[PDB]
*Asks:* 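Please read through the structure below; I'll follow up with questions.
Below, each value reflects all heavy atoms present in this structure, side chains not excepted, and no hydrogens, waters or symmetry copies. For ligands, and for the atoms within them, numbers begin at 1 and follow the listed sequence. The chain is numbered in sequence order, starting from 1.
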Amino acid sequence: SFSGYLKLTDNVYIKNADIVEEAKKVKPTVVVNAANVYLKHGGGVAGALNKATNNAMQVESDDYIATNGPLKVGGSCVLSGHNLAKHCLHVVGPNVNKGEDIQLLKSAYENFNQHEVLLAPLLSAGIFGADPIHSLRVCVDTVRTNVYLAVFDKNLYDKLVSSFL
Ligand SMILES: CNC(=O)c1ccc(S(N)(=O)=O)cc1
């Protein structure tokens, strides 16, 4: 199962790791993708996860969007996990750099409650523009299921652990 995680709360764990390498190693039931409403996995965690699937995630995602239309900000969809996980839970956190509402971050984390265990990044962190400290606080106060957070940046991981309340 998951190794080397630091326990933050009863159900939230954190590790300084590349979520792609973590998914390839664990092959969890669910890997969370930091998705946008269009499932266009061009960069960030989405681009990295999609690149690890040899673009199979993008091909599947385009067929999903062609059939269903875009997701809502704060929403999600379950697609294949390809070579990374059984499933990929594509969750759309608000992108502050695209001027989206940061109040939707709690709704985005509520999607995690539909899965008993998940490997996930911090929603809306990184290129999505939100404060990762705020994202971790929303995560621990919203997610009740077992969430194993992978934080790519070592320096951010240390800041997140050292400032955790
Ligand atoms: C392999 N990982 C990445 O390329 C990666 C990791 C983290 C980010 S973030 N969420 O923007 O800080 C983007 C991309």
*Asks:* Checking the N or O distance criterion of under 3.5 Å, is ligand 1 in contact with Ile127?
*Replies:* yes
*Asks:* Any atoms of ligand 1 less than 4.0 Å from a non-hydrogen atom of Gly44? List them with their elements.
*Replies:* 13 (C), 14 (C)
*Asks:* Should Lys25 and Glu22 count as an ion pair when the cut-off is N to O under 4.0 Å?
*Replies:* no
*Asks:* When rounded to the nearest 0.5 angstrom, what is the spacing between OH in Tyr157 and CG in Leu122?
*Replies:* 11.5 Å
*Asks:* Please list the nearest protein heavy atom to atom 7 (C) of ligand 1 with its residue and the distance rounded to 0.1 Å.
*Replies:* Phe152 CB, 3.8 Å
*Asks:* Starting from atom 12 (O) of ligand 1, find the nearest protein heavy-atom neighbour and note its residue, name and distance.
*Replies:* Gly126 CA, 3.5 Å
*Asks:* Using a strict cut-off of 4.0 Å, indicate which atoms of ligand 1 neighbour a heavy atom of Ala48.
*Replies:* 1 (C), 2 (N), 3 (C), 4 (O)
*Asks:* Donor-acceptor pairs under 3.5 angstrom involving side-chain atoms of residues 83-96: please list them, not counting sequence neighbours.
*Replies:*
residue, atom, partner, partner atom, Å
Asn83, ND2, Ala52, O, 2.9
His90, ND1, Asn33, ND2, 3.0
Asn95, OD1, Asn97, N, 2.9
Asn95, OD1, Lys98, N, 3.1

*Asks:* Short question: side chain of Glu60, backbone of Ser80 - any donor-acceptor pair under 3.5 Å?
*Replies:* yes
*Asks:* What is the minimum heavy-atom distance between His41 and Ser61, and which atoms define it?
*Replies:* NE2-OG, 2.8 Å
*Asks:* Answer side chain, backbone, both or neither: which part of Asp18 comes under 4.0 Å from ligand 1, heavy atoms only.
*Replies:* side chain
